[PDB]
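**Q** generate coordinates for the sequence data below:
(chains A, B, C, D, E, F, G, H, I and J)
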Amino acid sequence: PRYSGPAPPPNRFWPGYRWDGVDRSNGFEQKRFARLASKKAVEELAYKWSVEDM
Amino acid sequence: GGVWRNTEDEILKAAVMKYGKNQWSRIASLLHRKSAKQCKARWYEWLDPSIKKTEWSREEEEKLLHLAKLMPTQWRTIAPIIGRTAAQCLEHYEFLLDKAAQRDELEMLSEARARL
Amino acid sequence: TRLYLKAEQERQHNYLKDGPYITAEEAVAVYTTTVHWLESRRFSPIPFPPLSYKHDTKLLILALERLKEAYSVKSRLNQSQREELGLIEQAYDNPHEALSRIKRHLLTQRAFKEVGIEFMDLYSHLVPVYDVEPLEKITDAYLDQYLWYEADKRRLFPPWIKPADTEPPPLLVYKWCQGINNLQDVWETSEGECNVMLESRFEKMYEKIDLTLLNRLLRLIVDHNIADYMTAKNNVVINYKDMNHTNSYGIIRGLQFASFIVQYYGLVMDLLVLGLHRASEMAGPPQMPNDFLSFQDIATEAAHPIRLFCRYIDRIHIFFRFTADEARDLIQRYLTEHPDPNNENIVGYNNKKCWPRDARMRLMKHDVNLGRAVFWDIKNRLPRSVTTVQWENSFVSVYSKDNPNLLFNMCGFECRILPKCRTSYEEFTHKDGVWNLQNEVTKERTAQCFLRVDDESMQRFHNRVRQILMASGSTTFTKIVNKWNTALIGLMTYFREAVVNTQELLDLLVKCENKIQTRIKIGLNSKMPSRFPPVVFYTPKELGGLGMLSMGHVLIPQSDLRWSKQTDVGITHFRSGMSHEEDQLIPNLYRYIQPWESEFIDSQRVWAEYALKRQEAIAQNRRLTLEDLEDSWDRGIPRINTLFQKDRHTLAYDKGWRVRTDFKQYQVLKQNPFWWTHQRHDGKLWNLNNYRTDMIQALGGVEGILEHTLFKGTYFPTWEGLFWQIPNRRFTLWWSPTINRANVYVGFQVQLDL
Amino acid sequence: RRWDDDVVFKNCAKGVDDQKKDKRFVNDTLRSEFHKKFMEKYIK
Amino acid sequence: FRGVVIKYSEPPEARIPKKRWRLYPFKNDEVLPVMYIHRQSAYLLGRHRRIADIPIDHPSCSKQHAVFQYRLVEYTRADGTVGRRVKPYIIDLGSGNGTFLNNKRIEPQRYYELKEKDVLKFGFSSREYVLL
Amino acid sequence: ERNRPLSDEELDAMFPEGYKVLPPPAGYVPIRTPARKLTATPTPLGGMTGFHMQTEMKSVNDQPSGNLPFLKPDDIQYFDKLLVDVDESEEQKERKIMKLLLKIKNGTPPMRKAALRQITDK
Amino acid sequence: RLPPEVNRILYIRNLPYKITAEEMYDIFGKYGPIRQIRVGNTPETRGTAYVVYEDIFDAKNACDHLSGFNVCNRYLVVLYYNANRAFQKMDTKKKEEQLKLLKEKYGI
Amino acid sequence: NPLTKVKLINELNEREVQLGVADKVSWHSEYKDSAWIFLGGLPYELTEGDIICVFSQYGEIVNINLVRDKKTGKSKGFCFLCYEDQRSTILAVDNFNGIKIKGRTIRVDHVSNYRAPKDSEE
Amino acid sequence: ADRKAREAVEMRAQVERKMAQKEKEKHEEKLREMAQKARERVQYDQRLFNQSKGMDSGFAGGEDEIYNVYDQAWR
RNA sequence: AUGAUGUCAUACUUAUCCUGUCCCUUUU
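**A** Numbers count the residues shown, from 1 in each chain, chains lettered A, B, ... in the order given. See the structure here:
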């Protein structure tokens, strides 16, 4: 079978979630994606801060 | 900060009498508690020898009462004019005087109010 | 400085000595006009500090962030600035206690400590900048952001006083341009129509506005305690190094409450400038607020004579239209008031310099008469104690049957609009930056728009370049290069298309960039090199060079492009292929970057497509993706990143971005590149990128850059991690292999030693 | 007429409210026309 | 819920209503009470005092007979442009005796054009009170 | 659970000394009783709020003392007795002077030290 | 979806000494039925009051909207009242009769 | 001890996230090559179909089997289910670990040894 | 002037409130007693949000020595 | 003329001390 019309959370693998998986998660994939985006922003921020006098 | 203790006030008066008046950096290097602007503000507020810290009379109260209505704000402008010149005794006297004394259709209406 | 402070001292002792106020009867009429106007718009009073507010802590964090970002930037101090930074940090550590302190001060202390002042010299016109004591500044700053927050939530200041959060300059320019274009049959005059554009500063709203009327206006605006606080901390004391003049003659300039102060002064003065009825009509019905200039119906556009009238903080711009019989009546009233015997109305009119041969204001009889007339009427209708305007200072151009050109000079550089149906002049369009404007209903090219750079800002840019070129020998070469890059990145962005199309401005920057290069050269050597080879000047920073942002043509030394490497045989010289014509260095934006006109066009397109894609995604019940948000994320209006960022929850509750920035310019000394935006609220528009890429490609890349450097000499392996009176020496050695040669210094003979 | 009906001030008709011009110098260098023009033109 | 299960949930396309509509109940040709349907998100009326907030004087009506909830559904306006229009949704929840509106029974899972001033019935068999 | 209805002795159990449960008229308590039924009923009825433009006192209390280091907005519930400025007329003065606690909780480190000793010897 | 520390009891302050329980019941009566309300009649506690509702979420909506809400010239101090503290003034007893009743009537 | 297993798994995941561990050593190299995850601590009123419907959000389960006990409904509280790929089991162990489902919370972890009937702890 | 304007604003507000109370009562009476059968019948993606820091101005001061252009690296 | 309690600064001593954590609470 196919999935429902819900919004599945991404975890670097598009899985075939079915049998009414209406928002069943602990909050680990979204927190990891937000931490990865924050690290990718903070690396550019630290590079811009260290490239102040250079 | 700026507690303005008596031992600091005597040292500030001695520094104002010894060093000078228009040298605020020279007076701030012998107190180790306030900056030069705070020392100049203290010398212009409480350590000034021309400040009348007492003798609140009825003539000054009538002068301040006949001045707070002409200018509601700008109490610093009326500081030297009233004679207190402390910039805080005027507001305190105003607060004491306020606390002690406390303890088109519209026109058509008024037009017919006189005609009736 | 000592003289002008003595002058203010004399004027203040005068205005208190004589009590010579602002004509009490006219004052009472002004207060009544204000009370009636505010009631007609039905604005609520501004509530005093809600002690447990949802607004409170968020506003305090925003204001403290602005105060920190200004007062500390990088690695400077004082002792006063140290105590300021320390109280700032304590506030960011124990925020509710600080909000308690601020509330207690604003409701209690109706006095002030002695403020500081010393002027700074943008050498054309000196603009003095006042400094305050620390905790008083913090409390006033939270009060100021509170005042603007409640002001925007109440919509009290109208859409007349337009200096606020659309953008900074270019949007107001294009807006007033297209608004002057899309008026109802206004560029035509076959039945003897006439139009007039005025521009005049009120010229005294820094030293006229009286404290008591300010207190009453603030009483009609906000509560009694905040009114007393604003008035009292408008009254402190000014002390430069020795003298000490008292205060309370008029408003202090740089204190943080100046935003709401001068804006309400503009809202008051603009009503008596225009008229209450016509100002209500051109403003809005209080139910339906109105747009950037756009009046509701055709009827209110038709009825009054004065069509549209906006202002930034000091300018006023009012395209006062006049029907013909009214024009004859106005000219009659003008000549009967001020008879002119020998046609001396044309004895001195100001004009422009925009190729003044075919597009200056073509001085003819009724036209020059109408100009002096409209100024006579607007002068006589001005509240003469407070707000005047000088016919020497203004610049009043007239578009009629005769002068087919029209020249209105907004906050940007001056603007010339000349419709096709009047069969206009040359306007040769030296660049492709001709200001086009489509007629809003017909979707038709009603008019063209030329826009040349303005002389005052041009001489200001020249002044700062001379400041840098006179600041030599006390700084490293890196700081000189950084400052030239800073000033060019400013003055090719905010006067953008005008810098492309004003040929004298194009020529001035070219010689000045060569001049700064000359200053770097005469620093490097002492004997004024025959040809300082262009690489170690114009090459990029991180690869160990000076990174001039060069907005001027300079062909490379065509023989200075050889790569050389000993691989498995011996020397394999690897020269560039530049026999096409000649390798240019790289073009200061212009063609490289996009124009502000196309930026405005695509901004409207991108924001409309993002909202339509949001509608389609709400239909298909999906979250929007990084792909569709990357299909944009350009700029459109403001920025798409300004929807994406952390401010989307955080910094929504502040308005008054640009107005706060201009007051910050008057507030701190560093005359920044700061009118043109403010990155957080507006975003990142000044978009370099591709520029460094193209310069690396032109300079032949690192292969050639290292070849002209001494990078082969360390014999480290390849292009990798290379980068990390001192720094001048490091530049000297890292380009010594190109800065030390007879060709680069003609008369060489030395063998040093060893 | 019937165009200027929103003006608060009726008719000023006074540029300097003493005369068309002062047309007189003074003895104090500070209280003079040249110092006033230098303080109103070069400073803003 | 507080003491029972909660059925008849709304979809994700629900929104707050902004149209001029008020519940005018006339049991004896006199509108004594008035309840705002656009101010609240959920509204449960039944014969229980523990589940519902306010009781109702209808003994011939069940606890779960009808559920009138407003939601912006996919429809077309009079001009032909598509958009969000706040309209009430009418669907039977599976009552034991059914329901009738304007002396006509309506089936569930059918988007009927619901408008104001409709003669409905808030009971399973019959009712002596109508809402407008 | 914690929402279980309560009794007047249980009501007298929670709140401290010195409060009255005296009501107003006999036509508002019946409003409070219909309020439940009218929480459903009157919420479904006509209602709204508006404001008019008109020109305009503001009492308030921080900690009333010589200095009295600051009170968090919640801690008021505990320290409210200190806020009122009524002074100088037994045990009530010992609880009143015992607010030196507040000086221990919030304040400058010296205030915490000196306060701590002062309460030790008392 | 609630913080645990909040309770059905709210401590309310910045009250006038003249204030009427009519205004009290009216205003506070928005959010839900009043369990009851106390008011300090004693020299120190005059100006303070405690409000108790049949439900907590009542009080939650209350402190939500009533936060810094105004009466006369005053902005009332609205806080969630604590627990325990001074209690034992009363005792635990009188459980025997009621428990005997529930053990009698329903027989359970 | 009975509910400390999910807390220990969450503490191990937090230590792996805070220690700067990459995707190669993120507690998956020891439980690899096996999609059979061990679930324990479920409620006594949950069926196999409801657990298969709730665990299908991260992919379709291949072979699920509840711990049969007390010949009446085969209910013991433990469950064993094999997903499609190892990434679905990693996502279930990283997201559905320690979550609450119908009152009492459950535990999600990987065993990666074999299929055993009595391997969990009641 | 303030004492003569506050009373005028209060009188105008009272007249507007009287007109509103005379309009809304007539509107409710017209809407209640109807002549015809009155009583006879976005989920946005989380990867796009918080992709970068902020809360600053971007142009910190005006000192031309921080290399504000070229926010990215080189290679 | 000491002494008394008292709110409040100011110096002095202790070779006083600045990376401390759950390496242990794992409670239904």
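**Q** quick one: the closest residue to RNA strand J within chain B from residue C:534, how far?
**A** Going by C-beta to the nearest atom of the strand, RNA strand J is nearest to residue B:5 of chain B, at 4.0 Å. Every residue, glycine included, has its C-beta placed from N, CA and C. Counting by C-beta to C-beta, to the nearest Å, the gap from residue B:5 to residue C:534 is 68 Å.
**Q** more neighbours, these two?
**A** Counted by other C-beta atoms under 10 Å in any protein chain shown, residue B:5 and residue C:534 do not tie: residue C:534 has more neighbours, with 21 against 9.
**Q** mind listing what the more buried one touches?
**A** C:554, C:556-557, C:560, C:585 (C-beta atoms under 8 Å, 6 or more residues apart in numbering or on different chains).
**Q** got a list of what residue F:34 touches?
**A** residue F:41.
**Q** please, which helix or strand holds it?
**A** Using DSSP states H and E, residue F:34 falls within helix F:29-40.
**Q** can you give me how far that helix is from the chain middle?
**A** 26 Å (C-alpha atoms, centre = their mean, to the nearest Å).
**Q** could you measure from the residue nearest the centre of chain D over to residue D:32?
**A** When C-alpha atoms, centre = their mean is applied to chain D, the residue found nearest the centroid is residue D:16 (4.5 Å). Remark: distance between residue D:16 and residue D:32 (C-beta to C-beta) = 16 Å.
**Q** wait, residue C:57 touches residue C:96, no?
**A** Yes: here residue C:57 lies in contact with residue C:96, judged by C-beta atoms under 8 Å, at a distance of 7.4 Å.
**Q** which residue, other than its chain neighbours, is closest to residue E:112?
**A** Distances taken as C-beta to C-beta, 6 or more residues apart in numbering or on different chains put residue E:90 closest to residue E:112, at 5.0 Å, once the chain neighbours are dropped.
**Q** hmm, residue E:109 and the one you found touching each other?
**A** No: assessed by C-beta under 8 Å, residue E:90 is found out of contact with residue E:109, at 10.9 Å.
**Q** in a helix, that's where residue G:50 is, yeah?
**A** No: judged by DSSP: H, G, I helix; E, B strand; the rest coil, residue G:50 forms no part of a helix; its state is strand.
**Q** show me where chain A has its helices.
**A** With DSSP state H as the criterion, chain A has helices at A:29-50.
**Q** looks like residue B:109 contacts residue I:8 (just checking).
**A** No: between residue B:109 and residue I:8 there is no contact, the gap being 10.6 Å when judged by C-beta under 8 Å.
**Q** more neighbours: which of those two?
**A** residue I:8 (18 against 11).
**Q** so the more buried one, which of the three states?
**A** From three-state DSSP, the assignment for residue I:8 is helix.
**Q** right, and it touches residue B:104 too?
**A** No: between residue I:8 and residue B:104 there is no contact under C-beta under 8 Å: 9.7 Å.
**Q** quick check: the gap between residue H:118 and residue H:68.
**A** Residue H:118 is 11 Å from residue H:68, by C-beta to C-beta.
**Q** cool, residue C:452 as well?
**A** The value you get for residue C:452 to residue H:68, if C-beta to C-beta is used, is 89 Å.
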